[PDB]
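Take 6 as the starting number for the sequence shown in the working numbering and just add one per residue.
Written below as structure tokens is the structure these notes are about.
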Amino acid sequence: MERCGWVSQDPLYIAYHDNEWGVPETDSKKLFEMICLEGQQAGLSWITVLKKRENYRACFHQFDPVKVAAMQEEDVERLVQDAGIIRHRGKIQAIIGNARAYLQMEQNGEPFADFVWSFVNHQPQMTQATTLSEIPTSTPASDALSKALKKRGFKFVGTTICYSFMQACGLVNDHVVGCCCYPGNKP
Ligand SMILES: [Zn+2]
């Protein structure tokens, strides 16, 4: 049958495509883990981030999110000893800050995950592009969303990382018209 052309090879990526990718997520932890790890793709390929994504969980998932917000600069330097993932004490520091800004949003009982949803009018977006080139990476919500995270102090929010967030987060549905799941004319 027809399938998404986003993947050229690497069977691991396709498995990730079927697992989620394009499925709207409302979990704050899933969105936080996506925006933080997505920064790794910068310069690196999407496949590189997925492999390290699993290793990243080994160093951060066990510590949980609230803990990093409660960790000190010595903790990031201590784990740096293990580089199973890209090495960059500066990037690790962003993780601690990510939990600090994220935790502040919860203090008002308003998850920051709900905030991004409001940027798209709490309404899901869908597209019927035929080729990947037809899909535009410049959208009014993606540009405004990056400015919002930048204000929070989030790093690695380039417009490219922002568009990737909606793609993995599922805010927008971009699976061309040859992915079976996306018909475009078959209700
Ligand atoms: Zn697809």
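Beta carbons are placed, not taken as given, at the ideal position from N, Cα and C, and that holds for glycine.
(message) I want to check one thing, is the minimum distance from the CB of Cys64 to the heavy atoms of ligand 1 below 6 Å?
(response) For ligand 1, not one heavy atom lies less than 6 Å from the Cβ of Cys64.
(message) What does the alpha-carbon distance come out to for the pair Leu108 and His180?
(response) 33 Å
(request) Just confirm the distance between the C-beta atoms of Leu137 and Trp11, as a whole number of angstroms; I'd bet it's less than 8 Å. (result) Confirmed, Cβ separation roughly 6 Å.
(message) Measuring alpha carbon to alpha carbon, tell me which residue in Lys160, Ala47, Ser169 is nearest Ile140.
(response) Proximity to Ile140 across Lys160, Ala47, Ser169 peaks at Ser169, based on C-alpha coordinates.
(request) Would you check if the segment 171-186 and the segment 24-40 touch, i.e. whether three or more CB-CB distances between them fall below 8 Å? (result) yes
(request) Give a single yes or no on whether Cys174 has its beta carbon closer than 6 Å to a heavy atom of ligand 1. (result) no
(message) Taking its Cβ as the centre, do 16 or more other Cβ atoms sit within 10 Å of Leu154, making it buried, or is it exposed?
(response) Label assigned to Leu154: buried.
(request) Can you give me the Cβ contacts of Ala149 inside the same chain, cut-off strictly under 7 Å, excluding the 5 residues immediately before and after it? (result) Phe124
(request) Tell whether a beta-carbon distance below 7 Å holds between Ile101 and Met76. (result) yes
(message) If distances are taken between C-alpha atoms only, which option among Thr164, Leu36, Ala134, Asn190 comes closest to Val121?
(response) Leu36
(message) Taking the alpha helix (DSSP H) that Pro70 belongs to, which residues open and close that run?
(response) 70-74
(message) With distance defined between alpha-carbon atoms, name the residue in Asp15, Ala104, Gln45, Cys64 nearest to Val85.
(response) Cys64
(message) Does the beta-carbon of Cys184, which I'm using as the reference point, lie nearer than 6 Å to any heavy atom of ligand 1?
(response) yes
(message) Is it buried or exposed, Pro129, if we count other Cβ atoms within 10 angstroms and call 16 or more buried?
(response) Residue burial is scored here from C-beta neighbours: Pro129 has fewer than 16 other C-beta atoms within 10 angstroms and is therefore classed as exposed.
(request) For the alpha helix (DSSP H) holding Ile140, just list the boundary residues, first then last. (result) First-last for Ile140: undefined, no H or E at that position.
(request) Could you tell me the distance, in whole angstroms, from the CA atom of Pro29 to the CA atom of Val162? (result) Going from the Cα of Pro29 to the Cα of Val162 covers about 19 Å.
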